[PDB]
Each structure stands twice: as structure tokens, then as C-alpha cells.
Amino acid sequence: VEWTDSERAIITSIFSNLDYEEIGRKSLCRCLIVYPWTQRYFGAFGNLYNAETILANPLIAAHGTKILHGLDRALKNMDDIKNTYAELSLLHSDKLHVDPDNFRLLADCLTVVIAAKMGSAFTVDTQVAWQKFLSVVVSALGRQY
């Protein structure tokens, strides 16, 4: 889509309240517990046996940060979101065959971690812009036709 110029201000505002070292880990911790079939896709990570294992597992935290760092890249390449994620698309959708609906799940969990942190500062129009940014990335991560 065409960005409005408060859509950008509102997106960088949100991203400016995300410490990826804390948020990355918790967004993924939370997706693995709330949507536990997502655990299968991360066979390498070891024990995901329970919530205590999810939250104590160094490979989950570290990946949370990779994933959240990846999500944050379009902020710097915002009129080229598609080509920014074209390799990640091929990795998730062509190689690992992650169903696209799982992208919505992680991102929904992320927003929920953000809303906890920002409080009402996170307004309804801030969130709309935020969701426009997530729907563009997710759309870029899906199988490209």
C-alpha cells in the first residue's frame, strides 16, 4: 500500500518501545505456549516440554530476537517490503513449508506483548498502522506468486 506519513511516525513510535532482547524472547515464548503445534517447526531447539522449559530454553530466546530483528527490517525498507522479505519467503514458505497462518499467530502474540508494555499509549490508530506493517510483512513472507 501507500504509506501515510503518520502511519510511519506511529510505526517507529511502536518500534521505539521494543527492546528486542526482552520482547523477542517473550513474543516467541508466548506463541509456543499459546499455539503449541508451532513447536514442531523448531525441532532443533530441544526441550519445549512445558511452559517452564519454553521460557528457560536459550535457543527459544535467541531465536525470538532473530525473528523480531527480521520483523524490524521493513522499517528501514518500507516501500520495498516484498523484496526485503523475498528470501525469507522462500525459506518459510518454499523450504520449511510454514503455513502462512502461523505468521499471523506470532505477530498477534507480539502485538499482545506490546500492548502490555506500552499501555493506552498504544492507541487505536497507532495499532492500525502497526497492523498495516505486520500485514505487509506477513503478506511478503507467504508464497510469492
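The numbering used is simple: start at 1 and walk along the sequence shown.
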Stretch with the greater mean C-alpha B-factor as recorded in the entry, comparing 51-59 against 31-39 | 51-59
As the entry reports it, the stretch among 1-9 and 136-144 with higher mean C-alpha B factor is 1-9
Residue 85's Cα B-factor: lowest, middle or highest third of the chain?
-> middle
Among all modelled residues of this chain, ranked by Cα B factor, put residue 77 in the bottom, middle or top third, i.e. lowest, middle or highest.
-> highest
Residue 104 CA temperature factor, ranked by third within the chain | lowest
Tertile call for residue 116 (CA temperature factor, within chain, third-based) is the highest
Residue 46: C-alpha B-factor third of its chain, per the entry, is the highest
